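Here the protein sequences come in this chain order: B and A. Numbered according to the entry's author numbering, the first sequence spans residues 101 to 192. Numbered according to the entry's author numbering, the second sequence spans residues 1 to 92. All remarks here apply to the structure that follows.
Protein chains: 2
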Amino acid sequence: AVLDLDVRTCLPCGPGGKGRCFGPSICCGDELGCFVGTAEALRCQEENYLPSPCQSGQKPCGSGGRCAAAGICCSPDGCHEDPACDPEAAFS
Amino acid sequence: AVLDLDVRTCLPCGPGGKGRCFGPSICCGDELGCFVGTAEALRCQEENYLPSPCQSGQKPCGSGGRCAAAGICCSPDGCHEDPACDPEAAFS
């Protein structure tokens, strides 16, 4: 719960729908990271009907990318490595 | 075989090792696209022992990223959407 908005509807993607959809070909979960354009994010096509993200790691690093998943600074265009979420990006 | 280098050893990753390893947390295959930092690219850690890529899509678009997989312009840092490989990036 709580996303600096109102209601986090964390679009379920990946194997069993555990990941979250961030963009057209970009889906990143907590411990599933980001599948940048894959069969798992194919279901993200319905993210066009949802103009509200799900919280999201407030790690805007790189050329404008926030930490969307462990060790990956993704933005509304691509994905980028980021030392902030690199260490067992999760705490071990 | 085409190897504008010498020998394509296409590091097998993803489900059954069909994808290829491009970087530490970035693995993109032909029809598997790119898992930017995932359990599937975790095996890419051994890509440090291999300083030779595998061919790779010669489509350096974006801020220096080549087409590593359908509709994804990835570079030696991150991944980016690219209209060049967007259309059934493959030919249908």
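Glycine residues also receive a C-beta, built at the ideal position from the N, C-alpha and C atoms.
Where the beta strand (DSSP E) through residue i begins and ends
i: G162 (chain B); result: Segment: none, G162 (chain B) is in no beta strand (DSSP E) and carries neither H nor E.
i: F91 (chain A); result: Taken as a continuous stretch (DSSP letters only), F91 (chain A) belongs to no beta strand (DSSP E), as it is neither H nor E.
i: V2 (chain A); result: Where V2 (chain A) is concerned, there is no enclosing beta strand (DSSP E), given that its DSSP letter is neither H nor E.
i: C174 (chain B); result: 172-174
i: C185 (chain B); result: Careful: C185 (chain B) lies outside any beta strand (DSSP E) and carries neither H nor E.
i: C27 (chain A); result: 26-29
i: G116 (chain B); result: First-last for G116 (chain B): undefined, no H or E at that position.
i: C134 (chain B); result: 133-136
Residue environment, residue i, which counts as buried when at least 16 other CB atoms sit within 10 Å
i: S92 (chain A); result: exposed
i: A90 (chain A); result: exposed
i: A101 (chain B); result: exposed
i: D6 (chain A); result: exposed
i: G14 (chain A); result: buried
i: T109 (chain B); result: exposed
i: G37 (chain A); result: buried
i: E88 (chain A); result: exposed
i: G171 (chain B); result: buried
i: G116 (chain B); result: exposed
Whole-number beta carbon distance between residue j and residue i, since they are thought to touch under 8 Å
i: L32 (chain A); j: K18 (chain A); result: 6 Å
i: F135 (chain B); j: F22 (chain A); result: Incorrect: roughly 14 Å between the Cβ atoms, too far for contact.
i: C61 (chain A); j: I26 (chain A); result: So it is not a contact: roughly 16 Å between Cβ atoms.
i: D177 (chain B); j: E81 (chain A); result: 6 Å
Cutoff 8 Å: residue i Cβ touching any chain B Cβ
i: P83 (chain A); result: no
i: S92 (chain A); result: no
i: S63 (chain A); result: yes
i: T9 (chain A); result: no
Heavy atom of the ligand ZN within 7 Å of residue i beta-carbon
i: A169 (chain B); result: As far as ligands go, the structure on display features none, and thus does not contain the ligand ZN.
CB contact check: residue i to chain A, cutoff 8 Å
i: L132 (chain B); result: yes
i: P187 (chain B); result: no
i: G117 (chain B); result: no
i: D177 (chain B); result: yes
i: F135 (chain B); result: yes
i: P124 (chain B); result: yes
i: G157 (chain B); result: no
i: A101 (chain B); result: no
Practice item. Would you check if there are 3 or more beta carbon pairs closer than 8 Å linking the region 64-84 of chain A to the region 37-55 of chain A? Key: The region 64-84 of chain A makes no contact with the region 37-55 of chain A; the number of CB pairs closer than 8 Å stays below 3.
Exercise for review: Specify whether the region 142-150 of chain B and the region 33-49 of chain A touch according to this definition: at least 3 beta carbon pairs, one from each stretch, less than 8 Å apart.
Suggested key: Touching, no.
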